[PDB]
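These notes are about the structure you will find just below.
Every residue, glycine among them, receives a Cβ derived from its backbone with ideal geometry; neighbour counts consider all protein chains shown. Each answer follows from the model by the rule given with it, or from the source it names; no laboratory instrument gave them.
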Amino acid sequence: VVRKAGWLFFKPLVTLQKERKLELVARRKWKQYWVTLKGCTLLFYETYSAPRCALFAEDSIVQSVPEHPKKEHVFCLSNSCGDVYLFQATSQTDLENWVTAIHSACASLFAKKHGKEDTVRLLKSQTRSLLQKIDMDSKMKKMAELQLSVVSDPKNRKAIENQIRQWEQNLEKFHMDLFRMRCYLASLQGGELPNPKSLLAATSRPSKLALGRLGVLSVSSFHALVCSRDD
């Protein structure tokens, strides 16, 4: 099934190079493409019948990029693979349709892959589930903390800190999925897209620096950084 199709400009921004090492990618240049969202895959064409290259976007996160320096109508996509790409729509409204279609397709595929029919219920579930799961590990971390900050025995001192660092990550994963869920939800119920600043607000100081050698701190990169940890 095809939901959208039109002219866009491409330029992959970040790829997960060998050994889970996100790379700023070979600084290529913007180049048009007749793109078509069929199901949950983005097929690219060079002329208005052979796909120059395809792109799967299951469980992806599309985010506008108006702060962009040079061009406008920029929008960045990040798939569940630590990858990041950039696009340019005809108009602000085109972008909004593009975003909405991409998200819609993921929200459908996701609801389907979860053997569920009503998506808005499934999505709405996730959020409430994820919030709970976040509150859970949120307390777990706060356990070891107001505990290891007691056992001054450099012996296990570090040993514990490896669980703190662990949960801190489980929490970043959780906030990410939660952010995505809300993105899908809005791209269906037509509400405004979840505030990104709110997600970045949960970036582990480590992950922050981590996403330092990858341009600047953005939701899209954070997403990449989280997928990179997935098996």
Output the number of residues of the stretch 1-35 satisfying the condition of being under 20 Å from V74 (Cβ atoms), part of a strand (DSSP E or B) and among the β-branched types (V, I, T). 3
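Taking the stretch 134-171 as the search range and keeping residues that are hydrophobic (A, V, I, L, M, F, W, C) and in contact with a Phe, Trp or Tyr (Cβ under 7 Å, 6 or more places away or on another chain), which one is surrounded by the fewest Cβ atoms within 10 Å (Cβ to Cβ)?
First pass over the stretch 134-171, keeping only residues hydrophobic (A, V, I, L, M, F, W, C): 134, 136, 140, 143-144, 146, 148, 150-151, 159-160, 164, 167, 171.
Now restrict to residues that are in contact with a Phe, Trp or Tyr (Cβ under 7 Å, 6 or more places away or on another chain): 134, 140.
Working: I134: 18, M140: 16.
Out of the qualifying residues, it is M140.
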Candidate set: the stretch 108-120, residues that are assigned to a helix (DSSP H, G or I) and charged (D, E, K, R); chosen: the one surrounded by the fewest Cβ atoms within 10 Å (Cβ to Cβ): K113
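Kindly indicate which of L123, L24, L131 is under 25 Å from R229 (Cα atoms), surrounded by fewer than 17 Cβ atoms within 10 Å (Cβ to Cβ) and assigned by CATH to the domain that holds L171.
Values: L123 fails: surrounded by fewer than 17 Cβ atoms within 10 Å (Cβ to Cβ); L24 fails: assigned by CATH to the domain that holds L171.
Result: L131 is the single residue among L123, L24, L131 that is under 25 Å from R229 (Cα atoms), surrounded by fewer than 17 Cβ atoms within 10 Å (Cβ to Cβ) and assigned by CATH to the domain that holds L171.
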Between residues in the stretch 5-32 that are closer than 18 Å to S80 by Cα and residues that are among the polar types (S, T, N, Q), which pairs lie under 7 Å by C-beta distance while being six or more apart or on different chains? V14/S221; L16/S228; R20/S228; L22/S228; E23/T15; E23/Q17; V25/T15
